[PDB]
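Quick setup: one chain, the form deposited in one PDB entry, written in structure tokens, and binding and motion questions come after.
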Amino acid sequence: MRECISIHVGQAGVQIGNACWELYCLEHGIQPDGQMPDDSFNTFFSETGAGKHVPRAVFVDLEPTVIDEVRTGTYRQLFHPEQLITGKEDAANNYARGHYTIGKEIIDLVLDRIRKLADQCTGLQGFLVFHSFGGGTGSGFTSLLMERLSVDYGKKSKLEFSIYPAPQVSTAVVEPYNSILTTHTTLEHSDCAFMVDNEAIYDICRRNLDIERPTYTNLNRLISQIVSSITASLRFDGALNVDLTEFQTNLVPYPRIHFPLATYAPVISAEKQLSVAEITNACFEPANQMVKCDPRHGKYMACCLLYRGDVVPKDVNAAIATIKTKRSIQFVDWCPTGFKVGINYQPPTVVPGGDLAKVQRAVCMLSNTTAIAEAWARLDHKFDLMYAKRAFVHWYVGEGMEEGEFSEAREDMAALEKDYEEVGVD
């Protein structure tokens, strides 16, 4: 009942999958072989007759090296081999290769495996798709995947967790091309996309966690907490619960305007208790935003607050009532009430040997703000700098794409930027 299938695409998607699924096992007491000494963890784990609990998940990558670490690592018995899908060549940072040249050779196998996972669900809620914007696979193969999911599953809910690129940690120059191209093609196929900015997570790990040079493992374990807060409503039986369709209904005022901003608090050094009020106020501070942008520059269209741990509804009410009085937190004309509140009572769990401290309560806020448009403007501007000279476009054209797709993607992004302006007018 109420199953959610998770799909992890490319290096970023797969490595974040590792952090999340590890965290899920700890949260539910599932050992690395699937055995375990509230039934709603079944939305994310099927069960074999042997009492083995198996993630309802596919890992896909076009080259095998990252997924080979899953196949030989701690949780190598958690997944069935057929869930871990790899080709030979990767997309070489090229959307066109991830979407056509290389991606076409493995897409049917992936859809066959997903179709088998769907056959095991009695009330499939939808799909959660994890990927980066900037990679050749994360961008090109995810676009192909989303389009094929629309054919096979119609309007069945599809939500994304997307890594927005950061120069610091990036290793490709064409990332602004891959970003705009996958955003254009995926836009009409996705119901809701939770964007995560690697730069913001990088900065939070330096400031709050005293880590000089955060590694992907630092970033991914922090990203795991956010992902866990969001899916905790689906995996546990709590006081106030939020399912996939409620996320969409309450965060997405127009089909294209579907990019909520995540914020998580508290992020506390393990080597270093915050109240419901304090952690709620933290979600509206621009430093704790999982995407670099300034919400004071914009208007809120919807706030979804997801509490976990030792949190009573009275304190959330008093916390949100304070928020409603801050004039520097501005909501659009056409939104008489913008708050949706989830409370799950199992505290956040942290991986032993990790940098995050154990806390008795935490909150994750998903807000839909016009201020997200700043992150689109930053991306579009990098795209224009290169595109005005057609720098690197020959690599995409060489794989069969036309230049018309580039301008059609870029003009879709300009329309998107102008939509954010229009929904903010009074």
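In this text, the rigid core denotes the largest set of C-alpha atoms whose superposition between the two forms falls within 1.5 Å. From 1 onward, residues are counted along the sequence shown. Shifts are known only where both forms have a C-alpha.
The form deposited in another entry exists for this protein as well; it is not shown, and the discussion that follows is about that form.
- Superposed on the rigid core, the two forms differ between this form and the one not shown by 2 Å or more at the C-alpha of one listed residue only; from 111, 172, 240, 92 that residue is 240.
- After superposing the rigid core, the Cα of residue 77 is displaced by less than 2 Å between this form and the one not shown.
- Relative to the superposed core, residue 338 undergoes a Cα shift of 2 Å or more between this form and the one not shown.
- Between residue 193 and residue 239, the Cα distance is smaller in the other entry than in this structure, by no less than 3 angstroms.
- If you compare C-alpha positions, residue 259 and residue 241 are 3 angstroms or more closer together in the other entry than in the form on display.
- In sequence order, the regions between this form and the one not shown where at least three consecutive C-alphas each move 2 angstroms or more after rigid core superposition are 238-243, 336-338.
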